[PDB]
Every structure is written in C-alpha cells, then in structure tokens.
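Student: Before anything else, here's the structure in question.
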Amino acid sequence: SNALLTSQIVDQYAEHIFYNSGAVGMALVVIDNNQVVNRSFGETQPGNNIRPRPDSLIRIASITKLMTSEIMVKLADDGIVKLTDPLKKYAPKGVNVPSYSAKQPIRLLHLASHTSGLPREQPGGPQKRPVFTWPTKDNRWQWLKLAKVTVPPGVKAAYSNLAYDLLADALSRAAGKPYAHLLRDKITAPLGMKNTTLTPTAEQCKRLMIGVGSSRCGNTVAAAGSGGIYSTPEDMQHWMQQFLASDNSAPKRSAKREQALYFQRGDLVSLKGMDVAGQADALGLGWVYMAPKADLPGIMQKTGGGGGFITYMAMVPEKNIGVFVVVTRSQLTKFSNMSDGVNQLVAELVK
C-alpha cells in the first residue's frame, strides 16, 4: 500500500477480524514496506479489561514449524545437514527408523513438507493431555523404532506434528546441541526476540493471554518442532520482518530458501490437513502457498491453533507485505473467520 493509506486500510479490517473471530483478545501486526501498523483489541483474560500489549505472551502454535524449517535451512547452508538426508542418519545409536522400502527412506524434506507418510500424532497417548507436552522426545523414538511406514514418501501430504518434532530431534542431533540452543542461536538471539521460548519463566507466564481451552503455562520442549513456541507480538514482528524488504534492510540471506516450494498440489496423490486457510496450491517447508484467485493475491502463509490460541501469518513477499495475527478463542471462535479477514486485508494492501 501507499504509506498515506496503510493505517486506514488496516482500520478497515482490524476491528472486523476481532469481532468476527469471536476473539477474547487479539494482536495484529502489519508490515507494509516501511510501515508497521499494530492493533490490539479485547482482553488478555476473559473479563479483565486489560488490552493486549506488544509484550503479551502468546502461544504461536504451528507457526513454530516455520522456525523448525528455518533452522533446517540454516543448518543445510552450514553443511551440517542436507534436506535430502534420511531421518535415519540422525537416529540414536542402534535404533531403527522404519521406511516404506529400503530405497525410499523418509528424508528431512519429507518431514518438513508433510509428505513423510507418518501419522499426524504419535498414537496411544494419554486421553487428557496438557498442550505441547506429549509425546516427549524419548516417547517418539521408542514408538518410531517399532512403527511401520506403509505409504511411500513424497506421495501424499498429511499434516503432521509428530514428523515436525522428529525433525527438530534430527536437527538437534546433527548440530550436537539441544534444540532450545538452536532456536536461541539461529533465530531468537540474533533478532533480540527476548520473549520467544519453549521454557518460559514465571515473569513470562504471568503475561500469557488466556482464552477458552487455555492450558497451564509450562515447558513445551516436547513440541519444539511442531508447536510449542511462546512469543509476543513484538518478537513476531521482528521475525516476520526478515522476509520483507524495507528502506532499512533487505530480506535475510536464507529467506528465499526458507520459502522455496517443493510440491505443487497436482504433484501429490492427495493432501490432508493442508487447506485450513484455503486451498493449498503448493507446499513448502512448513510454508503453504495459495495462488491468486477470486480477488486474493498469491499468498505465502501458515496457520496455527492450540491451547486457546489461534494464529495466522500471511504475506506477499514480492510486495514487502506481511500480516501476523493472534487471537485467544471464545467458544464460538471459528479459525477461518480470522484468516479470511487477514487475506482480505492483504488483498487491499497489495493494491
């Protein structure tokens, strides 16, 4: 958008997204070239009348997967992994990683693009379960070693949390340090994202927004790859900015590799779980691409939902436009009533 109108265009949509989504609380972050527009609505806990702040703690849920893929891409540039490495290269000493057939192993690329053939969650967990706490890393590898993989890789997309946590495990093994140290060293420390963490302190937890379906604020390292990351609107602004040019900076060196697309929709036999914010026209490394259609532009996006939070990031990198939104749910909240509004906002911003 033209800087003269950016704020006014955001205002055409922001309050509608807040009301239509049934949010308890909402933070919206818009980057449009040199313009940054922030809006906050509602409450940080039902009935508390406290507006969300730049440093309100949030669960970003599956936006986490974009960071796992970011780390994979950075480690690949370092020569520490290859996207094509079999997962079994990074398996603990002597533990089997099953494969559809000998010459068709699950590779890191498959985990990142949801094409590994693995299930969405490890089966057989506790029926009532606090979010982002089960399975643990040890649980995953104990299950995997006896598991059967019955579909070849790169044939079907089936959205998976399990696969993304296995990816984080592999990346940690390859780098020779805990995943939390990779997240810090490769992402959060260089960008000064001082509230982006899998291990929040008490001081951070007191700032965690609350909606329907909330869970206690705790260690979420179990979902390090798939969904556990806590952050804040201001930290997420800084993260999102690295994909977008402005007068003061070019995108980060790895932005294009991070957003590379690997499977066109028609290149797969079927896709499950990929169409939450609209039809997925191509799958990247966590990122999902939707081609222009109706009155919407081509959009790179990722959806997230867990622990009473829903999140969405949509961007048009060529136009230096990105929108991130986080909402705490009320009972009636429907995800696409938030994401559809963001997509329409993005459509107005690109004009």
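FYI, nothing fancy with the structure tokens labels: chains A, B, ... in order, residues from 1 per chain, ligands from 1 as they appear.
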Give me the segment 77-170 of chain A side of the contact with segment 306-322 of chain A, cut-off 12 Å, one line per residue showing its nearest atom pair and distance in Å at one decimal, counting only C-alpha atoms, sorted by chain and residue number, as a Markdown table.
Tutor:
| residue | atom | partner | partner_atom | distance |
| --- | --- | --- | --- | --- |
| A:129 | CA | A:307 | CA | 10.9 |
| A:130 | CA | A:307 | CA | 8.2 |
| A:131 | CA | A:307 | CA | 5.9 |
| A:132 | CA | A:306 | CA | 8.5 |
| A:133 | CA | A:307 | CA | 11.3 |
| A:161 | CA | A:306 | CA | 11.9 |
Student: Using only C-alpha atoms, which protein or nucleic acid residues come within 10 Å of residue 326 of chain A? Drop anything in the same chain fewer than 2 positions from it, and give the result as a ChimeraX atom specification.
Tutor: /A:18,23,25-29,40,58-60,232-233,304-305,309-313,324,328-329,338
Student: Give me every strand (DSSP E) residue in segment 273-341 of chain A, going by DSSP on the backbone, as a PyMOL selection string.
Tutor: chain A and resi 282-284+288-290+299-306+309-316+321-328
Student: Using DSSP assignments from the backbone, pull out every residue in segment 234-350 of chain A that falls under helix (DSSP H, G or I) and give it to me as a PyMOL selection string.
Tutor: chain A and resi 234-241+255-258+265-267+317-319+336-349
Student: Could you save the residues just selected, with N, CA, C and O atoms, as a short mmCIF file (atom, residue, chain, number, x, y, z; two decimals), in the first residue's frame?
Tutor:
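Output contents, as saved in selection.cif:
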data_model
loop_
_atom_site.label_atom_id
_atom_site.label_comp_id
_atom_site.auth_asym_id
_atom_site.auth_seq_id
_atom_site.Cartn_x
_atom_site.Cartn_y
_atom_site.Cartn_z
N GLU A 234 5.51 -8.28 19.50
CA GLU A 234 6.68 -7.50 19.07
C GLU A 234 7.82 -8.42 18.59
O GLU A 234 8.52 -8.09 17.62
N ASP A 235 8.00 -9.57 19.24
CA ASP A 235 9.04 -10.51 18.79
C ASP A 235 8.68 -11.03 17.41
O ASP A 235 9.57 -11.15 16.54
N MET A 236 7.41 -11.36 17.20
CA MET A 236 6.96 -11.89 15.92
C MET A 236 7.06 -10.86 14.81
O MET A 236 7.32 -11.22 13.65
N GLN A 237 6.86 -9.58 15.15
CA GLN A 237 7.09 -8.53 14.16
C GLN A 237 8.53 -8.61 13.63
O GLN A 237 8.78 -8.56 12.42
N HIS A 238 9.49 -8.72 14.55
CA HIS A 238 10.90 -8.77 14.17
C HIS A 238 11.21 -10.00 13.31
O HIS A 238 11.96 -9.89 12.34
N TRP A 239 10.62 -11.14 13.65
CA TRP A 239 10.83 -12.36 12.89
C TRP A 239 10.26 -12.22 11.48
O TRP A 239 10.93 -12.53 10.48
N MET A 240 9.03 -11.73 11.39
CA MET A 240 8.37 -11.62 10.11
C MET A 240 9.11 -10.62 9.20
O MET A 240 9.18 -10.81 7.98
N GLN A 241 9.67 -9.57 9.79
CA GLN A 241 10.35 -8.52 9.03
C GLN A 241 11.49 -9.06 8.17
O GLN A 241 11.80 -8.51 7.12
N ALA A 255 15.99 -16.18 3.29
CA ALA A 255 14.52 -16.05 3.17
C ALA A 255 13.95 -16.81 1.98
O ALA A 255 12.94 -17.51 2.10
N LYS A 256 14.61 -16.68 0.83
CA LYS A 256 14.12 -17.35 -0.37
C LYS A 256 14.23 -18.87 -0.26
O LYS A 256 13.32 -19.58 -0.69
N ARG A 257 15.31 -19.36 0.32
CA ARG A 257 15.43 -20.80 0.51
C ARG A 257 14.38 -21.29 1.49
O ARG A 257 13.80 -22.36 1.33
N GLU A 258 14.10 -20.49 2.52
CA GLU A 258 13.10 -20.91 3.50
C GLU A 258 11.73 -21.02 2.89
O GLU A 258 10.93 -21.84 3.34
N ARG A 265 0.33 -28.83 -5.74
CA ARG A 265 -0.79 -29.65 -5.30
C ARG A 265 -0.99 -30.86 -6.22
O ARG A 265 -1.22 -31.98 -5.77
N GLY A 266 -0.87 -30.61 -7.52
CA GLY A 266 -1.06 -31.66 -8.51
C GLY A 266 0.07 -32.67 -8.57
O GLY A 266 -0.08 -33.68 -9.27
N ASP A 267 1.17 -32.42 -7.86
CA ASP A 267 2.31 -33.35 -7.83
C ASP A 267 2.08 -34.45 -6.78
O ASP A 267 2.90 -35.36 -6.67
N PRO A 317 5.60 -11.66 -0.32
CA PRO A 317 6.97 -11.19 -0.15
C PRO A 317 7.43 -10.22 -1.24
O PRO A 317 8.18 -9.30 -0.96
N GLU A 318 6.95 -10.43 -2.46
CA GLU A 318 7.37 -9.60 -3.57
C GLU A 318 6.92 -8.16 -3.38
O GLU A 318 7.53 -7.24 -3.94
N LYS A 319 5.87 -7.96 -2.59
CA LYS A 319 5.32 -6.63 -2.33
C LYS A 319 5.68 -6.14 -0.93
O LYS A 319 5.19 -5.09 -0.49
N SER A 336 -11.26 -19.77 10.41
CA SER A 336 -11.23 -19.09 9.12
C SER A 336 -11.94 -17.74 9.15
O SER A 336 -11.76 -16.94 8.23
N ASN A 337 -12.71 -17.45 10.20
CA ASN A 337 -13.26 -16.10 10.34
C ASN A 337 -12.20 -15.08 10.73
O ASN A 337 -12.41 -13.87 10.61
N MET A 338 -11.05 -15.57 11.20
CA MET A 338 -9.91 -14.73 11.41
C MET A 338 -9.04 -14.71 10.15
O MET A 338 -8.73 -13.65 9.62
N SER A 339 -8.67 -15.89 9.64
CA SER A 339 -7.76 -15.94 8.50
C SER A 339 -8.35 -15.36 7.20
O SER A 339 -7.63 -14.71 6.44
N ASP A 340 -9.64 -15.56 6.95
CA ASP A 340 -10.27 -14.95 5.76
C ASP A 340 -10.15 -13.42 5.82
O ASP A 340 -9.88 -12.77 4.81
N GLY A 341 -10.37 -12.85 7.01
CA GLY A 341 -10.25 -11.41 7.17
C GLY A 341 -8.84 -10.91 6.91
O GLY A 341 -8.64 -9.87 6.27
N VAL A 342 -7.85 -11.64 7.41
CA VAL A 342 -6.46 -11.30 7.12
C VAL A 342 -6.17 -11.35 5.61
O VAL A 342 -5.52 -10.45 5.07
N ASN A 343 -6.66 -12.38 4.93
CA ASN A 343 -6.40 -12.50 3.50
C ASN A 343 -7.02 -11.33 2.73
O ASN A 343 -6.41 -10.80 1.80
N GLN A 344 -8.21 -10.93 3.14
CA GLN A 344 -8.84 -9.78 2.51
C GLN A 344 -8.11 -8.48 2.81
O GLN A 344 -8.01 -7.61 1.94
N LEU A 345 -7.60 -8.34 4.03
CA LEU A 345 -6.74 -7.21 4.36
C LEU A 345 -5.51 -7.18 3.44
O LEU A 345 -5.16 -6.15 2.88
N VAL A 346 -4.86 -8.33 3.30
CA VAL A 346 -3.67 -8.43 2.45
C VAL A 346 -4.04 -8.03 1.01
O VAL A 346 -3.28 -7.31 0.34
N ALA A 347 -5.21 -8.44 0.56
CA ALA A 347 -5.66 -8.13 -0.80
C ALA A 347 -5.82 -6.61 -0.98
O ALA A 347 -5.49 -6.07 -2.05
N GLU A 348 -6.31 -5.93 0.05
CA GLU A 348 -6.43 -4.47 -0.05
C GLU A 348 -5.04 -3.81 0.00
O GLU A 348 -4.78 -2.85 -0.72
N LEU A 349 -4.15 -4.34 0.84
CA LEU A 349 -2.82 -3.76 0.97
C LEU A 349 -2.00 -3.86 -0.31
O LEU A 349 -1.18 -2.98 -0.58
#
Student: Restricting the calculation to only C-alpha atoms, which member of A:200, A:46, A:119, A:228 is positioned closest to residue 273 of chain A?
Tutor: A:119
Student: Nearest to residue 211 of chain A: which of A:330, A:48, A:43, A:34 is it, counting only C-alpha atoms?
Tutor: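 Of A:330, A:48, A:43, A:34, the one nearest residue 211 of chain A is A:330, counting only C-alpha atoms.
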Student: Using only C-alpha atoms, which of the listed residues (A:22, A:284, A:86, A:54) sits closest to residue 104 of chain A?
Tutor: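 Among the listed residues, A:86 lies closest to residue 104 of chain A.
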Student: Which residue is closest to residue 39 of chain A? Choose from A:10, A:288, A:118, A:57 and count only C-alpha atoms.
Tutor: A:10
Student: Quick one: of A:216, A:145, A:293, A:120, who's nearest to residue 274 of chain A, counting only C-alpha atoms?
Tutor: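 Nearest candidate to residue 274 of chain A out of A:216, A:145, A:293, A:120: A:120.
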Student: In Å, how far is it from atom CA of residue 7 of chain A to atom CA of residue 53 of chain A?
Tutor: 18.2 Å
Student: Please report the interatomic distance between atom CA of residue 75 of chain A and atom CA of residue 254 of chain A in Å with one decimal.
Tutor: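 These two atoms are separated by 10.7 Å.
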Student: Taking only C-alpha atoms into account, which of A:168, A:112, A:36, A:17 comes nearest residue 1 of chain A?
Tutor: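 Nearest to residue 1 of chain A: A:36.
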Student: What's around residue 155 of chain A at 9 Å? Count only C-alpha atoms, leave out sequence neighbours fewer than 5 positions away in its own chain, and write the answer as a PDB file with N, CA, C and O atoms, in the first residue's frame.
Tutor:
ATOM      1  N   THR A 115       5.088 -34.855   3.826  1.00  0.00           N
ATOM      2  CA  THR A 115       4.974 -35.946   2.858  1.00  0.00           C
ATOM      3  C   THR A 115       5.673 -37.242   3.301  1.00  0.00           C
ATOM      4  O   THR A 115       5.931 -38.137   2.481  1.00  0.00           O
ATOM      5  N   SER A 116       5.949 -37.359   4.596  1.00  0.00           N
ATOM      6  CA  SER A 116       6.743 -38.488   5.083  1.00  0.00           C
ATOM      7  C   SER A 116       5.961 -39.799   5.215  1.00  0.00           C
ATOM      8  O   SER A 116       6.572 -40.850   5.373  1.00  0.00           O
ATOM      9  N   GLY A 117       4.629 -39.738   5.212  1.00  0.00           N
ATOM     10  CA  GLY A 117       3.837 -40.920   5.463  1.00  0.00           C
ATOM     11  C   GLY A 117       3.584 -41.201   6.942  1.00  0.00           C
ATOM     12  O   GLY A 117       2.895 -42.169   7.296  1.00  0.00           O
ATOM     13  N   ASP A 267       1.172 -32.424  -7.859  1.00  0.00           N
ATOM     14  CA  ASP A 267       2.313 -33.350  -7.826  1.00  0.00           C
ATOM     15  C   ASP A 267       2.080 -34.446  -6.784  1.00  0.00           C
ATOM     16  O   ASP A 267       2.901 -35.365  -6.672  1.00  0.00           O
ATOM     17  N   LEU A 268       1.026 -34.307  -5.971  1.00  0.00           N
ATOM     18  CA  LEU A 268       0.699 -35.271  -4.910  1.00  0.00           C
ATOM     19  C   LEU A 268      -0.584 -36.032  -5.206  1.00  0.00           C
ATOM     20  O   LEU A 268      -1.511 -35.510  -5.837  1.00  0.00           O
ATOM     21  N   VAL A 269      -0.647 -37.272  -4.728  1.00  0.00           N
ATOM     22  CA  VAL A 269      -1.840 -38.081  -4.914  1.00  0.00           C
ATOM     23  C   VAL A 269      -3.018 -37.532  -4.097  1.00  0.00           C
ATOM     24  O   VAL A 269      -4.154 -37.483  -4.577  1.00  0.00           O
ATOM     25  N   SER A 270      -2.740 -37.121  -2.869  1.00  0.00           N
ATOM     26  CA  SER A 270      -3.756 -36.498  -2.016  1.00  0.00           C
ATOM     27  C   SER A 270      -3.118 -35.576  -0.992  1.00  0.00           C
ATOM     28  O   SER A 270      -1.922 -35.672  -0.705  1.00  0.00           O
TER      29      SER A 270
END
Student: If you count only C-alpha atoms, which residues fall within 7 Å of residue 113 of chain A, apart from same-chain ones fewer than 5 positions away, as an NGL selection string?
Tutor: :A and (283-286)
Student: So that I can see what lies close to residue 217 of chain A, please list as a list in words the residues with an atom at most 9 Å from it, counting only C-alpha atoms and leaving out residues fewer than 5 positions away in the same chain.
Tutor: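 Contacts, in chain order: residues 200, 202, 205, 206 and 208 of chain A.
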Student: Would you pick out the contacts of residue 44 of chain A at 7 Å or less, using only C-alpha atoms, so that residues sharing its chain but fewer than 4 positions from it are not included, and give the list as a ChimeraX atom specification?
Tutor: /A:25,48,50-52,209-210
